[PDB]
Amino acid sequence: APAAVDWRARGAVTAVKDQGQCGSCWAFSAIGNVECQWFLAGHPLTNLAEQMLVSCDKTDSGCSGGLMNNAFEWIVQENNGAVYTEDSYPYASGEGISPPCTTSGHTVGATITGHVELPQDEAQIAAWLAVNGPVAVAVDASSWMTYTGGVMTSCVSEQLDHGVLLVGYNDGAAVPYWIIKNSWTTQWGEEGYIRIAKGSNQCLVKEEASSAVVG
């Protein structure tokens, strides 16, 4: 694979968002991945609606959590592949309460046909990401609250508790790293991003990687 990749260099990644006090990280991880995959299939970059998942995907648990893989499955099996625009279905769960689903009057921003669950191996995930784009991952983020910047070497790596988006890596750096988009505003971390050391399963990053498939 290339020594380094950063999909932000192509304009493939939307701006950092804010999940607020809702346990909706699963939705931000899944939607961020769909946004990037939609752009990379040769279509324009479009902000898509976490709130569609939080309120309407009844196979997940709203502000009480979910699974990116369930989200991808709901989109295909229950929503005809469709993902609405953020522009047409804005986030409304910042206080921790998910409002009931609105089915009407949103606008379709993207479609997907399925998803893949990637091998539990950082080199294999990197190789897939280098060609196919950003990848949704679960991590242990219990040690992340106080992170401000640099390449994390000390991640507490015990229990998956958070969903984020891998957008790149750099194997040529003094400490090789992953580049991860979070959903905790641009005030957190490196303008909303974190770098973690690559190659030692930091934060359990290899354990539950997946992506939407766009035709």
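In case it trips you up, residue 1 is the first one in the sequence shown, and so on.
Two stretches are in play, 178 to 186 and 39 to 47, and the higher mean C-alpha B-factor belongs to 39 to 47. The PDB entry reports B-factors from which the mean C-alpha value can be compared for 71 to 79 and 109 to 117; the larger average falls on 109 to 117. Sorting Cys101, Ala138, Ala127, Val135 by the CA temperature factor given in the entry leaves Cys101 at the top. Based on the entry's C-alpha B-factors, the most elevated value among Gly172, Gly163, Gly65, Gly32 belongs to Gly172. The deposited CA B-factor of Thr146 belongs to the highest third of values across its chain.
When the CA B factors of the chain's modelled residues are split into thirds, the value for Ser154 lands in the highest one.
Placement of the Cα temperature factor of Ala209 within the chain: lowest third of the modelled residues, per the deposited record.
When all modelled residues of the chain are sorted by CA temperature factor, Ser24 is found within the middle third.
Per-chain ranking of the deposited C-alpha B factor places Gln202 in the lowest third.
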